[PDB]
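# Below you'll find the sequence and an experimental structure to go with it.
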Amino acid sequence: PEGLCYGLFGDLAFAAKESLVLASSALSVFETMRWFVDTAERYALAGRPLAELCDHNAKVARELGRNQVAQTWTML
Amino acid sequence: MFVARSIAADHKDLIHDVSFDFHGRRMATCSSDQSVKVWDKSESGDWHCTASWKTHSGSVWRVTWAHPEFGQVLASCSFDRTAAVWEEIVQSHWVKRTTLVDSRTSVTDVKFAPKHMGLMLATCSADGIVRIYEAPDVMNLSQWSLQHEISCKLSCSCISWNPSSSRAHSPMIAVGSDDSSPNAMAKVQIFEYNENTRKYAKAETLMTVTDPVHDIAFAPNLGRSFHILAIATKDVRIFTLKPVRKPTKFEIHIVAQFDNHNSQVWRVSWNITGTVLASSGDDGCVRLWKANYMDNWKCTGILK
Amino acid sequence: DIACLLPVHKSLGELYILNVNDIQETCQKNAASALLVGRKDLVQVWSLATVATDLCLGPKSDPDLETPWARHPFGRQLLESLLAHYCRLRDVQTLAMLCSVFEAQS
């Protein structure tokens, strides 16, 4: 009776017949990875020395909210 | 906490599958009244129907999208013992391309191969035959050839490919049975492609599963070295298929067994990255599960 | 005087500091002492200690919230590699300090 699917934005589509929620079914999208985009945009990969690149990436990681990621750059 | 925004499908019968395409902005719904509908996203923030037609002469069970590289392509299987491929031509013109008519009883599942080895398509059959198609000319979608065929000696009810994109995992497929036989014969099987014999061969069989299977789903790899499989027989189960160093031999292990549903589990799905797993039982609720760096899976949400 | 052969130096021993109130405070001072003593190995390991103990990566309560820093290949494995290196070098001056700092961090 049912069907499920995910999405790139964490949206869940659920359809099930109106005998468990009998000749029709109802569905809804549940608006349940934002850091990925900003991490991709703000990073630096060339055009600077190694130390400057690591420092910039560490600053970006720290500003985004993940510190365990930020300290790895500084350690490197 | 998700917000459940409902949309009116206006389908004249049940709904059997929903699928997002590649970008999360279009979905396709298959129903039991021989219709396939397409919904697109607006900047306002709501889904509106942009295409609908009459597909088959039976009951459409599944609809799946293809990779955007090959175009906007859809596939569908039905109770009229066929399988079709459609393309959108620019307004909303959806045109039929082929009709895979080789089956004899019915077609239960249809899935596109991962888009790193061509435009390949695998269809199941209630008689127990899994057939793999191919299109050597990527751009003519009217020329499909039959490359392999597998007989599993049991009713077939599900299918799922291996998305692992590395040059260390020979492509493999998983099929699930639904036979309510009195004997406790295994109902999930795995086949893998051998490079030198140009033939699919049985790799391993999940003996511990002796209950009817309703859904099979692999987990996206994204850099792991082993594989993860989810089965929804009567409780959600997660397996592990770590190989041995150099068919191939896998050491299967059981990682989860969740009877939280107190009913029969119908369908499952994986998030985008093999971190969260969804489920759907007869109680009418969706449930999400996740790991905790000790490989101790636990619930992480209940949605009605 | 055979102090040229020993693995431990008294001059470094005089200038050390160990404050439980502020762990991060003591490591920079020890790094400066190592810099003014003539050992670049100590400056590197004390720099790693500074960047390895910041309060932002303190452990949490529920294991499901996030993986602890200790399981990272830089917390408990870098430390355990340096400890083994210094034991092989047989230097009980850096061993005691590193153990004390990382333990008092708890």
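Alright, I've got the coordinates. Numbers count the residues shown, from 1 in each chain, chains lettered A, B, ... in the order given.

# how about the helices in chain C?
Ranges of helices in chain C, per DSSP state H, are C:10-14, C:23-37, C:40-50, C:78-89, C:94-104.

# Which one of the ones you listed lies nearest to chain A?
Taking CB to the nearest CB, helix C:40-50 is the member of the helices of chain C nearest to chain A, at 6.6 Å. The way it works is simple: take the backbone N, C-alpha and C, and place the C-beta from them, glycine included.

# and the closest one, how far out from the chain's middle?
For helix C:40-50, the separation from the chain centroid amounts to 7 Å (computed by CA atoms, centre = their mean, to the nearest Å).

# CA atoms only: put that helix into CSV for me.
Taking Å, rounded to 0.1, in the frame of the first residue of the first chain, the C-alpha atoms of helix C:40-50 are listed here in CSV:
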residue,chain,number,x,y,z
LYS,C,40,62.8,22.3,18.2
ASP,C,41,61.2,18.9,19.0
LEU,C,42,59.8,20.3,22.2
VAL,C,43,58.5,23.5,20.4
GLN,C,44,56.7,21.3,17.9
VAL,C,45,55.1,19.0,20.5
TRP,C,46,54.1,21.8,22.8
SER,C,47,52.5,23.6,19.8
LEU,C,48,50.6,20.4,19.1
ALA,C,49,49.6,20.4,22.8
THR,C,50,48.3,23.9,22.5
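
# Would you mind pulling up the elements that that helix packs against?
On a contact count with 3 or more CB pairs under 8 Å, 6 or more residues apart in numbering or on different chains; DSSP states H and E, helix C:40-50 meets helix C:23-37, helix C:94-104.

# does chain A sit close to the last one?
No. Legend: contact between helix C:94-104 and chain A by CB under 8 Å from any CB of the partner chain is lacking; minimum distance shown is 15.0 Å.

# so what does that helix touch, helix or strand wise?
With contacts defined as 3+ CB pairs under 8 Å, 6+ apart, helix C:94-104 has these neighbours: helix C:23-37, helix C:40-50, helix C:78-89.

# could the helices and strands packed on helix C:40-50 be laid out in JSON lines, adding mean neighbour count?
Shown next, in JSON lines, are the helices and strands packed on helix C:40-50 (neighbours: other CB atoms under 10 Å in any protein chain shown):
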{"stretch": "helix C:23-37", "mean neighbour count": "17"}
{"stretch": "helix C:94-104", "mean neighbour count": "16"}
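
# right, and the helices and strands packed on helix C:94-104 - which one's nearest residue C:2?
helix C:78-89 (17.4 Å; CB to CB).

# And that closest one, how far out from the chain middle?
That offset, for helix C:78-89, works out to 11 Å (CA atoms, centre = their mean).

# ditto for stretch B:249-258
Mean-position distance between stretch B:249-258 and its chain equals 20 Å (CA atoms, centre = their mean).

# quick one: buried residues of that stretch?
Going by neighbour count (16 or more other CB atoms under 10 Å in any protein chain shown), the buried part of stretch B:249-258 is B:250, B:256, B:258.

# nearest to chain C, of those residues?
residue B:256 (14.9 Å).

# Make sure that closest one is indeed in a strand.
Yes. Using DSSP: H, G, I helix; E, B strand; the rest coil, the assignment for residue B:256 is a strand.

# rewinding a little: just put the helices and strands packed on helix C:40-50 in a markdown table and tack on distance to residue C:55.
Listed next are the helices and strands packed on helix C:40-50 as a markdown table, based on distance: least, CB to CB, whole Å:
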| stretch | distance to residue C:55 |
| --- | --- |
| helix C:23-37 | 7 |
| helix C:94-104 | 13 |
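
# circling back to that earlier point, redo the buried residues of stretch B:249-258 as a markdown table? Include distance to residue B:278.
Output for the buried residues of stretch B:249-258, formatted as a markdown table (distance: CB to CB, whole Å):
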| residue | distance to residue B:278 |
| --- | --- |
| B:250 | 25 |
| B:256 | 13 |
| B:258 | 12 |
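
# So which bits of chain C are right by chain B?
C:63, C:64, C:67, C:71.

# The third one touches residue B:291, doesn't it?
So that's residue C:67. No. Contact criterion CB atoms under 8 Å: residue C:67 and residue B:291 do not qualify, at 10.6 Å.

# of these two, who's got more company?
residue B:291 (19 against 14; other CB atoms under 10 Å in any protein chain shown).

# from memory that one sits against residue B:275, does it?
Yes. Taking contacts as CB under 8 Å, residue B:291 lies within contact range of residue B:275: 7.5 Å.

# Whichever strand or helix holds residue B:76 pairs with which strands, parallel or anti?
Using DSSP states H and E, residue B:76 sits within strand B:73-78. Each strand paired with strand B:73-78, and its direction, by DSSP bridges: strand B:60-65 (antiparallel), strand B:83-89 (antiparallel).

# would you list the residues of chain C next to chain B in TSV and tack on distance to residue A:19?
Formatted as TSV, those follow (distance: CB to CB, whole Å):
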residue	distance to residue A:19
C:63	40
C:64	35
C:67	43
C:71	47
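
# Which single one of the residues you listed is nearest to residue B:102?
Ranked by distance to residue B:102 (CB to CB), these are led by residue C:64 at 49.0 Å.

# And the residue nearest to that closest one when sequence neighbours are not counted, which helix or strand is it part of?
Distance criterion CB to CB, 6 or more residues apart in numbering or on different chains; nearest residue to residue C:64, sequence neighbours excluded, is residue B:292 at 4.6 Å. Taking DSSP H and E as the definition, residue B:292 sits outside all helices and strands.
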